[PDB]
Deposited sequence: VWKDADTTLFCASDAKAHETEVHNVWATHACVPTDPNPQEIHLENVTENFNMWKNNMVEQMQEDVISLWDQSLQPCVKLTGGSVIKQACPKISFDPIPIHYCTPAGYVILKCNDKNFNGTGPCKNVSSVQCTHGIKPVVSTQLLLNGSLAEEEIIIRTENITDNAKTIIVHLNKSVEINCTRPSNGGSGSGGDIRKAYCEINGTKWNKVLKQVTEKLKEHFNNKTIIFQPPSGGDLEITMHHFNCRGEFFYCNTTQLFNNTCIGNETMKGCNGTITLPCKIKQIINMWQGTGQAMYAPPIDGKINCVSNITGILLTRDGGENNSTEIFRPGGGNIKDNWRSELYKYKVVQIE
């Protein structure tokens, strides 16, 4: 017998002490080494309720990354209320590493094994572990990168789908590479591009529309561009090698392709020095991009969408979304829950 409880976790990783990479340095001082052989025990005939949307595990990972970024990439310029801060802002090595979250003495983590679990409700196949799986603290919008895949089939997560103010998380059951480079000799040095296999993407994209039909009474499913807002959300915002990329994904949500829709899709990108910090603390300013080829190959494993409100009846409309980076952490911790041993 136990009970749902909150407490301070701790973290584990395989940070190398010689690495100058920023995630490596942080985890070297904040995290314990990983356990070679972790135990998992499957609990017989036990049912626990989960709620990925009210899971304090998230808050803590959030504090971790905010602290990671605040120590590691500080801008040349930032605002503080009504004052301008100037500091040295040198280039850094940037490649996020998997971080496991671990309970202290007197607590455990409960894990859901139901393959079609949406994140909110009863779970029948429950086990127990000492730590989560390794989670890369990847920050991005619109698309979810380098995460974990649903064990087939595809899953829709919300909290309340009938609420249009509630972000929808689509969890893929097969991944699609995304290949982004700012070419060698830099001639706009800020001009970059992202490449996706259209044949693979459009099949997956069609399947998502099929699953959305299940939650929306066989209505027609249409994708549309973001309606407005900060550039960090209208574009596909992410960090690669320390540089701030913004990509146009109009071509990524093409309803006609769901003729010549099989070719390699190329998305136009740009590297920006002036940004709005995801921490929510206003504008910052960074140095021009480094020299040479800058390449990021990632897996798309999930999408964040927002449904148009109001009376539509005939159709439902879905535009890409984001901004709340806690939702990135929710996409990986949806299956975990802390309890205290009574």
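Gaps without C-alpha coordinates occur at 187-191, 264-268, with positions taken along the deposited sequence from 1.
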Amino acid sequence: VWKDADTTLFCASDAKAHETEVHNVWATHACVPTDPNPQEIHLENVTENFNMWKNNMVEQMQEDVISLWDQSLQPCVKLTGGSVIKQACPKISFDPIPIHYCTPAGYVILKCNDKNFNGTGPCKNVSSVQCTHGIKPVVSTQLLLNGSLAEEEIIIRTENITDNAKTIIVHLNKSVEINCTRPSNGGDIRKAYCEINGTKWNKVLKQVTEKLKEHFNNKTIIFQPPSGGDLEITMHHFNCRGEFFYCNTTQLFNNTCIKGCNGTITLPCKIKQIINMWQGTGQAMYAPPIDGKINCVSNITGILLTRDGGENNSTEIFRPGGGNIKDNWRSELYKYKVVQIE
From here on, numbers count along this sequence of modelled residues.
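For the two regions 41-49 and 58-66, the entry's Cα B-factors average higher over 41-49. Of the two stretches examined, 273-281 and 309-317, the record assigns the greater average C-alpha temperature factor to 309-317. Between the residues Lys166, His100, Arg182, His236, it is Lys166 that shows the highest Cα B-factor in the PDB record.
For the set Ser127, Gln71, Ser93, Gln142, the maximum C-alpha B-factor listed in the entry falls on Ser127. Annotation for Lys335: CA B-factor lies in the middle third of the chain's modelled residues. In the PDB entry, a CA B factor belonging to the highest third of its chain's modelled residues is recorded for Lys115. Split the chain's modelled residues into thirds by C-alpha temperature factor. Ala17 is in the highest one. Per the PDB record, residue ranking by Cα B-factor puts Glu232 in the lowest third of the chain. In the PDB entry, a CA B factor belonging to the middle third of its chain's modelled residues is recorded for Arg241.
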